[PDB]
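Enquirer: Handing you a structure now.
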Amino acid sequence: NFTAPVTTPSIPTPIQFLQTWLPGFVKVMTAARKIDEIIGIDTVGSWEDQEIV
Amino acid sequence: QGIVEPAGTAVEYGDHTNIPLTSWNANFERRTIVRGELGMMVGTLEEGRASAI
């Protein structure tokens with residue numbers, strides 16, 4: 001009895017459509033940059049220049 | 001440009017003598033057009049250094 005189902009029975013819902021993706025992408029850091037904190041930064045010169053006096 | 005260059009010469013008269021005839025011959029002369037080119041190319045730092053003076 002029960003005839004034939006034509007299609008192969010299986011779980012209906014795929015794994016996707018059931019996944020939520022976090023809005024953010026983490027990044028790698030690398031070593032710290034602490035020259036600015038110790039000394040500071042002075043913007044005095046201009047580009048296409050050669051020397052500071 | 002073209003040229004005409006007629007031709008012909010005469011003989012003494014006669015009652016039953018053969019009649020001389022005249023003609024012409026044209027020619028053509030030609031010239032060729034020649035084209036040249038020249039360009040320029042400027043960078044960024046080069047332009048800045050040049051404008052510095």
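Residues are named by chain letter and number: chains run A, B, ... in the order of the structure tokens, numbers start at 1 in each chain, and ligands are numbered from 1 in the order shown.
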Could you list, as a PyMOL selection string, every residue of chain A that has an atom within 12 Å of an atom of chain B, counting only C-alpha atoms?
Expert: chain A and resi 46-50
Enquirer: Go ahead and save the residues from that selection, with C-alpha atoms, as a PDB file, in the first residue's frame.
Expert:
```pdb
ATOM      1  CA  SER A  46      54.538  70.566   3.879  1.00  0.00           C
ATOM      2  CA  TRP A  47      54.716  67.844   1.260  1.00  0.00           C
ATOM      3  CA  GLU A  48      57.070  67.999  -1.773  1.00  0.00           C
ATOM      4  CA  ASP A  49      59.639  69.498   0.616  1.00  0.00           C
ATOM      5  CA  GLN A  50      63.114  68.243   1.456  1.00  0.00           C
TER       6      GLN A  50
END
```
Enquirer: What residues in chain B get the DSSP label strand (DSSP E or B)? Please answer as a list in words.
Expert: residues 2, 3, 6, 7, 23, 24, 27 and 28 of chain B
Enquirer: If you count only C-alpha atoms, which residues fall within 8 Å of residue 11 of chain B, apart from same-chain ones fewer than 2 positions away, as a ChimeraX atom specification?
Expert: /B:9,13,20
Enquirer: Restricting the output to N, CA, C and O atoms, write the selected residues as an mmCIF file, in the first residue's frame.
Expert:
```cif
data_model
loop_
_atom_site.group_PDB
_atom_site.id
_atom_site.type_symbol
_atom_site.label_atom_id
_atom_site.label_comp_id
_atom_site.auth_asym_id
_atom_site.auth_seq_id
_atom_site.Cartn_x
_atom_site.Cartn_y
_atom_site.Cartn_z
ATOM 1 N N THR B 9 52.209 70.125 -86.664
ATOM 2 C CA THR B 9 53.125 70.788 -87.585
ATOM 3 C C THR B 9 52.483 70.846 -88.964
ATOM 4 O O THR B 9 51.585 70.062 -89.283
ATOM 5 N N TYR B 13 51.093 73.400 -99.240
ATOM 6 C CA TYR B 13 49.751 73.157 -99.745
ATOM 7 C C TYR B 13 49.780 72.356 -101.042
ATOM 8 O O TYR B 13 50.721 72.444 -101.836
ATOM 9 N N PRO B 20 47.581 67.086 -93.139
ATOM 10 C CA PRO B 20 48.189 66.828 -91.830
ATOM 11 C C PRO B 20 47.185 67.030 -90.707
ATOM 12 O O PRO B 20 46.150 67.681 -90.867
#
```
Enquirer: To one decimal place in Å, what is the distance between atom CA of residue 27 of chain B and atom CA of residue 7 of chain B?
Expert: 13.9 Å
Enquirer: Please identify which residues in chain A DSSP calls alpha helix (DSSP H) from the backbone, and express them as number ranges by chain.
Expert: A: 35-39
Enquirer: Any idea what the distance is between atom CA of residue 51 of chain A and atom CA of residue 53 of chain B?
Expert: 15.9 Å
Enquirer: Env of segment 30-36 of chain B: 12 Å cut, atoms = only C-alpha atoms, seq-sep filter 5 positions within chain, self excluded. Answer as a list in words.
Expert: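 So the residues in contact are residues 1, 2 and 3 of chain B.
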Enquirer: Please produce a file of the residues just selected, as a PDB file, in the first residue's frame, where the atoms kept are N, CA and C atoms.
Expert:
```pdb
ATOM      1  N   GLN B   1      47.775  67.881 -60.157  1.00  0.00           N
ATOM      2  CA  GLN B   1      47.790  68.949 -61.149  1.00  0.00           C
ATOM      3  C   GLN B   1      48.011  68.332 -62.526  1.00  0.00           C
ATOM      4  N   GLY B   2      47.512  69.010 -63.564  1.00  0.00           N
ATOM      5  CA  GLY B   2      47.540  68.468 -64.905  1.00  0.00           C
ATOM      6  C   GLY B   2      48.227  69.393 -65.892  1.00  0.00           C
ATOM      7  N   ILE B   3      48.618  68.806 -67.027  1.00  0.00           N
ATOM      8  CA  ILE B   3      49.309  69.501 -68.108  1.00  0.00           C
ATOM      9  C   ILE B   3      48.614  69.142 -69.418  1.00  0.00           C
TER      10      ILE B   3
END
```
Enquirer: What does the distance between atom CA of residue 45 of chain A and atom CA of residue 42 of chain B come to in Å, to one decimal place?
Expert: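 Value for the atom CA of residue 45 of chain A-atom CA of residue 42 of chain B distance: 24.3 Å.
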